[PDB]
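First up is the structure itself, then whatever we jot down about it.
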Amino acid sequence: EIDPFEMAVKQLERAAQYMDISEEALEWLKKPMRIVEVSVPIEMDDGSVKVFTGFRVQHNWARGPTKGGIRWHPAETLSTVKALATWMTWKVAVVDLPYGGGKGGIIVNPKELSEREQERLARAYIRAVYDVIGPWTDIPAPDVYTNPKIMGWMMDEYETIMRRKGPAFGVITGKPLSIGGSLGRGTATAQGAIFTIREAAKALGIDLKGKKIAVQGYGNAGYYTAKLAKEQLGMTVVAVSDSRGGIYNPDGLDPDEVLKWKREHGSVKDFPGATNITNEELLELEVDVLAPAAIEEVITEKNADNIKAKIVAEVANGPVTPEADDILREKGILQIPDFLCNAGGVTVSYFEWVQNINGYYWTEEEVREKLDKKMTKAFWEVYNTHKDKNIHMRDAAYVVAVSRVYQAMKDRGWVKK
Ligand SMILES: NC(=O)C1=CN([C@@H]2O[C@H](COP(=O)(O)OP(=O)(O)OC[C@H]3O[C@@H](n4cnc5c(N)ncnc54)[C@H](OP(=O)(O)O)[C@@H]3O)[C@@H](O)[C@H]2O)C=CC1
Ligand SMILES: N[C@@H](CCC(=O)O)C(=O)O
Ligand SMILES: O=C(O)CCC(=O)C(=O)O
């Protein structure tokens with residue numbers, strides 16, 4: 001049923017087919033450099049002891065310490081962790097961070113655990129994987145069903161074990177502001193998406209002031225993308241959507257009022273002055289920027305032709321299928337690859353790690369400007385590769401990331417060819 005690691009390896013081979021890479025380097029990149037599977041025992045609230053399965057996969061560390069989150073899902077598998085670590089490698093390589101690829105996970109349903117049990121689980125996971133993590137070895141991060149509270153617990157346990165012999169704040173990112181946290185973490189993904197959209201408009205020669213944007217999904221990423229677009233880029237937000245449905249208004253939407261209505265009516269539907277539309281119908285609107293910030297695979301071969309957006313900002317994690325990719329490219333529409341558009345979160349986590357390591361913490365403006373520089377440089381590199389190699393933007397981003405990792409490997413002497 002299309003194993004995640006098989007899919008990742010196929011993606012890597014496809015990317016290697018568009019660039020000059022040696023066979024030994026490809027074989028090295030097809031396998032994670034270190035996989036750690038540990039037992040995570042905790043004491044239940046009823047006094048019993050339960051053992052959970054924890055993972056920590058470090059795909060590659062040629063460019064520096066590995067970076068990646070920890071998932072707490074009942075359906076976690078070592079294959080999924082390996083695939084996500086492989087993808088995290090390219091995610092940190094495309095935006096030029098001194099990081100490798102890493103990922104963790106515990107096979108547990110956190111909906112049935114109390115606060116004390118969750119804290120015990122985090123501390124036991126740290127005790128189990130201490131020997132393969134560190135400020136300069138492996139930096140975990142929040143992921144699905146994991147939050148900054150668990151980050152604080154993990155950091156505290158790591159500091160307790162390490163005996164405060166170094167920057168224990170920098171061992172993990174996504175921490176609360178009170179303990180080594182960073183500013184701008186809430187709006188990192190949306191800010192990166194906005195910078196990439198601005199650069200794409202600059203590349204296409206389109207002035208965004210007075211244009212239209214449609215956003216699918218109105219969670220944290222979608223709402224902040226719409227709000228930041230309207231604020232900075234001056235783009236008129238004409239359509240937003242949630243799981244229940246979507247709304248449309250050619251005169252424009254106010255993101256704050258829409259958020260208030262969603263937080264009051266439980267959904268964005270039936271917003272005053274707005275016409276109710278379906279998600280599929282939102283994908284059909286004639287806009288200049290489309291930002292899918294929702295479930296995977298919303299653009300398929302069926303509806304790829306009927307898309308009228310000039311720029312498709314893949315804020316979510318792969319909302320466009322390869323057939324849809326080819327169809328959309330044929331229509332002369334610029335796509336911003338998913339792991340380049342939403343690279344703001346990992347970039348801001350890197351900024352947090354830098355602040356923790358240095359012992360000096362920045363402000364909201366400094367973080368915003370550094371993120372702006374990083375996203376602009378990454379998008380311009382990807383677009384230049386796209387224009388030079390006459391390939392898809394996703395293929396160009398993969399080529400850039402794999403080339404950076406391959407050059408780092410060659411410089412270390414790991415591969416001689
Ligand atoms: N936000 C972040 O920090 C980062 C985000 N990403 C990626 O970004 C996207 C969104 O992130 P995030 O804000 O955390 O997500 P959220 O869980 O906070 O919100 C999800 C939003 O998308 C909607 N949604 C879920 N399924 C559908 C669907 N089938 N159709 C239409 N709308 C749907 C939800 O609707 P409803 O409210 O009704 O449930 C909600 O509006 C994801 O694809 C994620 O992978 C990854 C990098 C970090
Ligand atoms: N797993 C999250 C956290 C970022 C990080 O790995 O530092 C992401 O990929 O965005
Ligand atoms: O894995 C991540 O970094 C985020 C994934 C996510 O937010 C999602 O799947 O909804």
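Numbering starts fresh at 1 for the residues of each chain in the structure tokens, the chains themselves are lettered A, B, ... in the order given, and ligands are numbered from 1 as they appear.
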
message: as a PyMOL selection string, please: the residues near residue 20 of chain A (cut-off 10 Å, only C-alpha atoms, same-chain neighbours under 3 positions excluded).
response: chain A and resi 16-17+23+399+403

field: Surrounding residues as a count of residues only, ligand 2, max 7 Å, only C-alpha atoms and all ligand atoms
entry: 13

Near-ligand residues for ligand 3, threshold 12 Å, only C-alpha atoms and all ligand atoms, as number ranges by chain: A: 67-73, 80-81, 83-85, 87-88, 91-92, 102-105, 140-147, 174, 188-189, 217, 219-222, 293-297, 315-319, 338-339, 342-347, 349

message: Residues near segment 257-273 of chain A, anyone? I mean within 8 Å using only C-alpha atoms, not counting same-chain ones fewer than 2 positions away, as an MDAnalysis selection string.
response: chainID A and resid 223 240:242 244:247 249 253:255 275:276

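Going from atom CA of residue 39 of chain A over to atom CA of residue 53 of chain A, you cover 5.0 Å.
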
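You can rank A:98, A:19, A:340, A:24 by their closest distance to ligand 1 using only C-alpha atoms and all ligand atoms, and at the top of that list sits A:340.
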